[PDB]
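Visitor: Dropping a structure here in structure tokens format, bear with me for questions.
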Amino acid sequence: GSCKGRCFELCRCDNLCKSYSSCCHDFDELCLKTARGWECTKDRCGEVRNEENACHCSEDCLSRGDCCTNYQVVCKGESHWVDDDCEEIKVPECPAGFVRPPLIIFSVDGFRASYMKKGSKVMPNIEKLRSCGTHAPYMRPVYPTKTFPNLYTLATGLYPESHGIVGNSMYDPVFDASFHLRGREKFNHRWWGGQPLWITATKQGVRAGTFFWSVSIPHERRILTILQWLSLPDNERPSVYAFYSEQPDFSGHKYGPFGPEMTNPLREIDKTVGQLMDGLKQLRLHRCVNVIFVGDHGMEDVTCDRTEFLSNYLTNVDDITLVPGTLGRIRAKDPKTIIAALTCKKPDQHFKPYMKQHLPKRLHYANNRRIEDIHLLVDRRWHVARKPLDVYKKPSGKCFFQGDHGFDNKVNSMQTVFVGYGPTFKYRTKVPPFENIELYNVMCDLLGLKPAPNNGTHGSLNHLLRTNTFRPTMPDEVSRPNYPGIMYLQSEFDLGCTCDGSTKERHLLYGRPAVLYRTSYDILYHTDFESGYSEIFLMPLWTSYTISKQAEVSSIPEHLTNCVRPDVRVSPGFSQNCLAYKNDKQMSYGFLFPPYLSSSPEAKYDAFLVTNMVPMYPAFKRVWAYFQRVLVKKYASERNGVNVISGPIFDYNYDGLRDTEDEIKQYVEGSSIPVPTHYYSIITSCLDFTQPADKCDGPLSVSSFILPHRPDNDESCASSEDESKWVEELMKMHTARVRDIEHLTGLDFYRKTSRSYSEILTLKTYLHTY
Ligand SMILES: CC(C)CCC[C@@H](C)[C@H]1CC[C@H]2[C@@H]3[C@H](O)C=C4C[C@@H](O)CC[C@]4(C)[C@H]3CC[C@]12C
Ligand SMILES: *[C@@H]1O[C@H](CO)[C@@H](O[C@@H]2O[C@H](CO)[C@@H](O)[C@H](O)[C@H]2NC(C)=O)[C@H](O)[C@H]1NC(C)=O
Ligand SMILES: CCCCCc1cc(O)c2c(c1)OC(C)(C)[C@@H]1CCC(C)=C[C@@H]21
Ligand SMILES: [Ca+2]
Ligand SMILES: [Ca+2]
Ligand code: NA
Ligand SMILES: [Zn+2]
Ligand SMILES: [Zn+2]
């Protein structure tokens, strides 16, 4: 009936007993003491223990394990941890009975990466962690850039569509229930998928501290509890801890991210970090523990003034439910009728509607029943609401909020912070930006844990660590290619078309892609390009070619515009045919290697082979022809040549994964020719642009995209203007990681380079965001 001698144990006395309350009567005395505040005065040094004080400055406190964190500094002349110089920590300096260096996760809500430039005058402790440890210039959250999806992504390594927490608010039709940030419903385990770090640790024998705190527990008491847990005996001491602060999120919403008011919470956060680090040094654990300082998302300038209203677009908005704000999700209280009515209606429309299946694949935001079919992507700095009355402002007439977040995760104001400090991290080291889905694997490596299956790429962050790295193994190739010669006569071919090799390894710079599923396919060589041609899908899985800086673009001759040629290397039974296209009134065809870039009049005939052809809507051909005729030459001219790999993607169930043949739902009329949902291109060059793409020594440079194969250009409100005004903007919107294309294709890229595999894993997880 009492919490005596079991405050914050690992009637309830735990961190959450207050949350939907359940604490023993005496919890607020024994466990939430507060007298004297949280720091030692030189006036109470050597005091006589008063059991009402929050923390203690008696000399028995080091033996009783309850000093204030500044006790050695004020009462024994030691320095603050922040006043010591960086000293490289080569090994963990831990007590003898420690089996692994502990991990402390210090998570900050809404910490914009830019905040790191307010400097040591605002955040000396944080700036010391950043400069002496390992830090990225920023870390990319997942979409939507909201608190709960992103904190749970950090804990699991999973996209929201997979771990289930797809928003701060969501409706689950199978439960017929709603989930919100406030309320008891979030406490029900039915909402939460994947396997969070605290569960991974416990299942593998690694004790976790309680990661969560009832809101009425002050930040100073949370830090004190973590330090007192670290002083437990060997068989009780947890190995992993978490501290969370709702700041600077609250102030960023109220005053906006550029408000002078922002330095107040930024200082209070930095003092809490100082309290942690002084406490660790007091325990002489400051060279033993790995510390992670990480944010969930950034913060953007948003105001009531900048709101789009559905009631300006729909005739009746009272018959729909809208999840509003920095994103939109719509359900009923006709779907493409609603989409049509929201599509390009106002000149500078500050949101775009999507069926979720048509969102950029890099968002990975569709494969979950809690994600509504209709999605609105909202311009940064802007809000979307159902109707004007939903915008609440102070009686002062001023807006209630000046900052918000939730936008597309390539928005620079949404990027957040990563710093790692301690024995396992590198010393005074800066690493490139990375996505937060990669962090779960790192924390597992820091703890000696085997990660649960997740969406990180294990080994892509090895450069963050000085030890305990994961050694990735390149996957074995599963399908071996055929190399067909001339096996067939031009006379054997029906098809209904008409038409008036190791030099070729200037076109395959990084080895052939490995095919990681079982299938039959052929390598085909040509003067200008190489392809892996699938006998099952009747088209290339990949087409690879190199365009040098000085390449010339030619046209498609008038006498060749409608030319398709049979390929004598490939059976007529394993080729496409032109009858299907003539009979498919909506489908045209295009070519993966562009005829525009042929090296000679004779070579160009290769580009018209039936094995180079892929099904394309006319509306998509406007995009593809512009990319092939205009943009490839541009990139090659900018990057001292480029190597391009292009191919189809089939993802009819929108799970981000290569469809089997059973899942493909659309074929060219009267044929077995499957229709791709997307087309990809990977564009590689030398990071050192003074070396040409085909003669690159060191690191590589990549940009990639996954373009939706649509029968219209309704996504592009300016598509009626010249293609130079919209096509490249559409391509930047559909940028992707090479790793994204690998999931969607079953291919494995960059297998023959002079780079280490871990370096290559990093390359494949880069996303060019512009
Ligand atoms: C807002 C504050 C009161 C804190 C609210 C905390 C609440 C969101 C936390 C507290 C308990 C957590 C669950 C607990 O760890 C058990 C698991 C098992 C794991 O496999 C899936 C996640 C789950 C359900 C945790 C979800 C988050 C919880 C509810
Ligand atoms: C993200 O990672 C999860 C976990 O590995 C993947 O989800 C698994 O997908 C397989 C194959 O479809 C299923 O058999 C498992 O049941 C899934 N597990 C979970 C926890 O959902 C998911 O496919 C990955 N997403 C991407 C885009 O790669
Ligand atoms: C690795 C970065 C931190 C991960 C650990 C971590 C800590 C943490 O306190 C939370 C995490 C995850 O996610 C959920 C479960 C969404 C919590 C929601 C409610 C509150 C108050 C805090 C959140
Ligand atoms: Ca046609
Ligand atoms: Ca799929
Ligand atoms: Na439940
Ligand atoms: Zn947040
Ligand atoms: Zn917020």
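Following the order of the structure tokens, first chain is A, next is B, and so on, with residues numbered from 1 inside each chain and ligands from 1 in the order they appear.
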Near segment 403-419 of chain A, within 7 Å and counting only C-alpha atoms, which residues show up once chain neighbours fewer than 5 positions away are dropped, as a PyMOL selection string?

Guide: chain A and resi 111-113+129-130+133-136+138-146+252-257+292-302+326-327+378+380+769

Visitor: Pull the strand (DSSP E) assignments for segment 394-608 of chain A out of DSSP run on the backbone, and list those residues as a ChimeraX atom specification.

Guide: /A:403-404,416-421,429-430,434-435,514-515,521-525,530-534,539-547,588-591

Visitor: Please produce a file of those selected residues containing N, CA and C atoms, as a short mmCIF file (atom, residue, chain, number, x, y, z; two decimals), in the first residue's frame.

Guide:
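Contents of the output file part07.cif:
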data_model
loop_
_atom_site.label_atom_id
_atom_site.label_comp_id
_atom_site.auth_asym_id
_atom_site.auth_seq_id
_atom_site.Cartn_x
_atom_site.Cartn_y
_atom_site.Cartn_z
N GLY A 403 4.09 28.50 -35.60
CA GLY A 403 4.91 27.46 -36.19
C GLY A 403 4.15 26.15 -36.21
N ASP A 404 4.48 25.31 -37.19
CA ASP A 404 3.93 23.97 -37.26
C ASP A 404 4.85 23.12 -38.11
N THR A 416 15.85 17.51 -38.65
CA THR A 416 16.07 17.59 -37.22
C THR A 416 17.54 17.25 -36.95
N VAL A 417 17.87 16.91 -35.70
CA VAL A 417 19.25 16.90 -35.21
C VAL A 417 19.69 15.47 -34.87
N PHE A 418 20.96 15.15 -35.12
CA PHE A 418 21.53 13.93 -34.55
C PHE A 418 22.93 14.20 -34.03
N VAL A 419 23.18 13.82 -32.78
CA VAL A 419 24.52 13.83 -32.20
C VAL A 419 24.71 12.54 -31.42
N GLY A 420 25.88 11.92 -31.56
CA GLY A 420 26.24 10.77 -30.75
C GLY A 420 27.52 11.03 -29.98
N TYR A 421 27.53 10.73 -28.69
CA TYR A 421 28.69 10.99 -27.84
C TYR A 421 28.94 9.78 -26.95
N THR A 429 33.81 13.96 -35.15
CA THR A 429 33.58 13.46 -36.50
C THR A 429 32.23 13.94 -37.02
N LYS A 430 32.22 14.41 -38.26
CA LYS A 430 30.99 14.80 -38.93
C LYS A 430 30.66 13.76 -39.98
N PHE A 434 21.44 11.56 -42.77
CA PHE A 434 20.86 10.23 -42.95
C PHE A 434 19.41 10.25 -42.48
N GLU A 435 18.67 9.19 -42.79
CA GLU A 435 17.26 9.13 -42.42
C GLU A 435 17.10 8.50 -41.05
N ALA A 514 22.60 -7.55 -59.76
CA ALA A 514 22.20 -8.92 -59.45
C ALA A 514 20.69 -9.02 -59.33
N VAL A 515 20.15 -10.11 -59.85
CA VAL A 515 18.72 -10.39 -59.79
C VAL A 515 18.51 -11.29 -58.58
N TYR A 521 16.17 -14.49 -67.64
CA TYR A 521 16.44 -13.22 -68.30
C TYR A 521 17.75 -13.32 -69.06
N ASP A 522 17.96 -12.36 -69.97
CA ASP A 522 19.07 -12.35 -70.91
C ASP A 522 19.82 -11.03 -70.81
N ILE A 523 21.15 -11.11 -70.84
CA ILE A 523 21.97 -9.93 -71.06
C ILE A 523 22.04 -9.67 -72.56
N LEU A 524 21.76 -8.43 -72.97
CA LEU A 524 21.82 -8.04 -74.38
C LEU A 524 22.79 -6.89 -74.53
N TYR A 525 23.71 -7.03 -75.49
CA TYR A 525 24.75 -6.05 -75.74
C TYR A 525 24.44 -5.27 -77.01
N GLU A 530 23.62 -1.61 -72.63
CA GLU A 530 23.45 -3.00 -72.24
C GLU A 530 22.14 -3.17 -71.45
N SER A 531 21.49 -4.32 -71.59
CA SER A 531 20.25 -4.54 -70.87
C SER A 531 20.17 -5.96 -70.33
N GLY A 532 19.45 -6.08 -69.21
CA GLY A 532 18.97 -7.35 -68.69
C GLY A 532 17.51 -7.52 -69.05
N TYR A 533 17.24 -8.35 -70.05
CA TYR A 533 15.91 -8.49 -70.65
C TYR A 533 15.17 -9.66 -70.02
N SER A 534 14.02 -9.38 -69.40
CA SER A 534 13.25 -10.43 -68.75
C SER A 534 12.38 -11.17 -69.76
N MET A 539 10.28 -7.46 -71.21
CA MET A 539 10.88 -6.14 -71.27
C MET A 539 12.11 -6.13 -70.38
N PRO A 540 12.99 -5.14 -70.51
CA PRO A 540 14.19 -5.12 -69.66
C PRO A 540 13.83 -4.89 -68.19
N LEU A 541 14.53 -5.59 -67.30
CA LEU A 541 14.48 -5.20 -65.90
C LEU A 541 15.33 -3.96 -65.65
N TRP A 542 16.38 -3.80 -66.44
CA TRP A 542 17.31 -2.68 -66.36
C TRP A 542 17.95 -2.48 -67.72
N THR A 543 18.29 -1.22 -68.02
CA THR A 543 19.02 -0.82 -69.20
C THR A 543 20.06 0.19 -68.76
N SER A 544 21.32 -0.06 -69.11
CA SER A 544 22.46 0.69 -68.60
C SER A 544 23.20 1.35 -69.74
N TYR A 545 23.50 2.64 -69.61
CA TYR A 545 24.26 3.30 -70.68
C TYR A 545 24.96 4.53 -70.12
N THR A 546 26.09 4.89 -70.75
CA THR A 546 26.89 6.03 -70.31
C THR A 546 26.87 7.10 -71.39
N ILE A 547 26.64 8.35 -70.95
CA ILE A 547 26.55 9.54 -71.80
C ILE A 547 27.66 10.48 -71.37
N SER A 588 0.45 3.63 -75.55
CA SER A 588 1.48 3.68 -76.57
C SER A 588 2.69 2.89 -76.06
N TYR A 589 3.87 3.17 -76.60
CA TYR A 589 5.11 2.53 -76.17
C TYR A 589 6.25 3.55 -76.24
N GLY A 590 7.28 3.29 -75.44
CA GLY A 590 8.48 4.10 -75.44
C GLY A 590 9.70 3.19 -75.40
N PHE A 591 10.88 3.80 -75.27
CA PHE A 591 12.13 3.06 -75.28
C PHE A 591 12.98 3.41 -74.07
#

Visitor: Show which residues sit within 10 Å of residue 195 of chain A, as an mmCIF file with N, CA and C atoms, in the first residue's frame. Count only C-alpha atoms, and ignore same-chain residues fewer than 2 positions away.

Guide:
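Result went into part.cif, see below:
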data_model
loop_
_atom_site.group_PDB
_atom_site.id
_atom_site.type_symbol
_atom_site.label_atom_id
_atom_site.label_comp_id
_atom_site.auth_asym_id
_atom_site.auth_seq_id
_atom_site.Cartn_x
_atom_site.Cartn_y
_atom_site.Cartn_z
ATOM 1 N N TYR A 152 8.098 6.806 -32.902
ATOM 2 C CA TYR A 152 7.981 5.358 -33.022
ATOM 3 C C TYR A 152 8.832 4.818 -34.173
ATOM 4 N N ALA A 155 12.150 4.357 -32.716
ATOM 5 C CA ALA A 155 12.212 3.215 -31.804
ATOM 6 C C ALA A 155 12.184 1.878 -32.518
ATOM 7 N N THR A 156 11.670 1.812 -33.750
ATOM 8 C CA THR A 156 11.494 0.536 -34.436
ATOM 9 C C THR A 156 12.304 0.369 -35.717
ATOM 10 N N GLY A 157 12.728 1.455 -36.352
ATOM 11 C CA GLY A 157 13.393 1.340 -37.624
ATOM 12 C C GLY A 157 12.449 1.174 -38.782
ATOM 13 N N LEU A 158 11.156 1.362 -38.553
ATOM 14 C CA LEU A 158 10.132 1.066 -39.539
ATOM 15 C C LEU A 158 9.484 2.348 -40.044
ATOM 16 N N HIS A 163 4.868 0.279 -38.984
ATOM 17 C CA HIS A 163 4.655 0.142 -37.547
ATOM 18 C C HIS A 163 3.248 0.544 -37.096
ATOM 19 N N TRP A 192 -0.020 -0.609 -31.942
ATOM 20 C CA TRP A 192 1.429 -0.453 -32.083
ATOM 21 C C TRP A 192 2.055 -1.717 -32.682
ATOM 22 N N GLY A 193 2.555 -1.619 -33.922
ATOM 23 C CA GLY A 193 3.225 -2.724 -34.583
ATOM 24 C C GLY A 193 4.738 -2.678 -34.418
ATOM 25 N N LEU A 197 12.681 -0.658 -29.530
ATOM 26 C CA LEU A 197 13.973 -0.961 -28.918
ATOM 27 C C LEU A 197 13.850 -1.520 -27.497
ATOM 28 N N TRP A 198 12.985 -0.933 -26.664
ATOM 29 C CA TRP A 198 12.862 -1.431 -25.292
ATOM 30 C C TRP A 198 12.362 -2.875 -25.262
ATOM 31 N N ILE A 199 11.583 -3.285 -26.261
ATOM 32 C CA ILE A 199 11.142 -4.669 -26.350
ATOM 33 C C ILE A 199 12.246 -5.558 -26.905
ATOM 34 N N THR A 200 12.954 -5.100 -27.941
ATOM 35 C CA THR A 200 14.088 -5.858 -28.466
ATOM 36 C C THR A 200 15.118 -6.133 -27.372
ATOM 37 N N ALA A 201 15.420 -5.124 -26.553
ATOM 38 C CA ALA A 201 16.392 -5.308 -25.477
ATOM 39 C C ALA A 201 15.914 -6.360 -24.478
ATOM 40 N N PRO A 451 18.841 -6.688 -34.351
ATOM 41 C CA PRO A 451 17.644 -5.913 -34.718
ATOM 42 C C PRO A 451 16.508 -6.803 -35.193
ATOM 43 N N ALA A 452 15.286 -6.459 -34.780
ATOM 44 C CA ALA A 452 14.109 -7.011 -35.436
ATOM 45 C C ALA A 452 14.056 -6.533 -36.890
ATOM 46 N N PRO A 453 13.395 -7.271 -37.779
ATOM 47 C CA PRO A 453 13.367 -6.855 -39.192
ATOM 48 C C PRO A 453 12.831 -5.430 -39.324
ATOM 49 N N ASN A 454 13.550 -4.590 -40.065
ATOM 50 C CA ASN A 454 13.167 -3.179 -40.146
ATOM 51 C C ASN A 454 13.595 -2.622 -41.508
#

Visitor: Could you pull out the residues sitting within 8 Å of ligand 5, using only C-alpha atoms and all ligand atoms, and write them as JSON, numbers by chain?

Guide: {"A": [650, 651, 652, 653, 654, 655, 656, 657, 658, 659, 660, 663, 744]}

Visitor: Any idea what's packed within 6 Å of residue 712 of chain A, counting only C-alpha atoms, ignoring anything in its chain fewer than 2 positions away? Could you give it as a CSV table (one decimal) with N, CA, C and O atoms, in the first residue's frame?

Guide:
chain,number,residue,atom,x,y,z
A,619,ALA,N,0.4,10.5,-72.2
A,619,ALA,CA,0.7,11.5,-71.3
A,619,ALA,C,2.1,11.3,-70.6
A,619,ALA,O,2.8,12.3,-70.3
A,710,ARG,N,1.5,7.5,-65.3
A,710,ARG,CA,0.1,7.9,-65.3
A,710,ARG,C,-0.5,8.2,-66.7
A,710,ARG,O,0.3,8.6,-67.5
A,714,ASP,N,-2.4,15.3,-64.6
A,714,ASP,CA,-3.1,16.1,-63.7
A,714,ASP,C,-2.3,16.5,-62.4
A,714,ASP,O,-2.6,17.5,-61.8

Visitor: Could you pull out the residues sitting within 6 Å of ligand 3, using only C-alpha atoms and all ligand atoms, and write them as a list in words?

Guide: residues 105, 107, 148, 151, 152, 154, 155, 211, 212, 242 and 244 of chain A

Visitor: Distance limit 6 Å, reference ligand 6, atoms considered: only C-alpha atoms and all ligand atoms. Which residues make the cut? Give them as an MDAnalysis selection string.

Guide: chainID A and resid 188:190

Visitor: Mind writing the picked residues with N, CA and C atoms as a PDB file, in the first residue's frame?

Guide:
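Output file out-v1.pdb follows:
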ATOM      1  N   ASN A 188      -3.577   1.532 -25.459  1.00  0.00           N
ATOM      2  CA  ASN A 188      -3.923   0.171 -25.854  1.00  0.00           C
ATOM      3  C   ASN A 188      -2.899  -0.367 -26.846  1.00  0.00           C
ATOM      4  N   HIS A 189      -2.373  -1.565 -26.572  1.00  0.00           N
ATOM      5  CA  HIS A 189      -1.311  -2.134 -27.398  1.00  0.00           C
ATOM      6  C   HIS A 189      -1.758  -2.467 -28.821  1.00  0.00           C
ATOM      7  N   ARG A 190      -3.071  -2.554 -29.087  1.00  0.00           N
ATOM      8  CA  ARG A 190      -3.528  -2.949 -30.417  1.00  0.00           C
ATOM      9  C   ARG A 190      -3.029  -2.005 -31.508  1.00  0.00           C
TER      10      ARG A 190
END

Visitor: Kindly indicate which residue among A:747, A:536, A:13, A:54 lies nearest to residue 672 of chain A, using only C-alpha atoms for the distances.

Guide: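 That would be A:536, the residue with the smallest distance to residue 672 of chain A.
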
Visitor: Applying 8 Å and only C-alpha atoms, which residues near residue 468 of chain A remain after dropping the ones on its own chain fewer than 5 positions away? List them as a list in words.

Guide: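 That gives residues 424, 445, 446 and 448 of chain A.
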
Visitor: Go through A:427, A:766, A:605, A:401 one by one, measure the shortest atom-to-atom distance of each to ligand 8 using only C-alpha atoms and all ligand atoms, and give the residue with the smallest value.

Guide: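 Nearest candidate to ligand 8 out of A:427, A:766, A:605, A:401: A:401.
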
Visitor: In Å, with one decimal, what is the gap from atom 3 (C, counted along the ligand's line) of ligand 2 to atom CA of residue 160 of chain A?

Guide: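 Answer for the atom 3 (C, counted along the ligand's line) of ligand 2 to atom CA of residue 160 of chain A separation: 10.1 Å.
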
Visitor: Let me make sure I understand: among A:250, A:770, A:470, A:689, which one has the smallest atom-to-atom distance to ligand 7 if we use only C-alpha atoms and all ligand atoms?

Guide: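 Result for the nearest residue to ligand 7: A:250.
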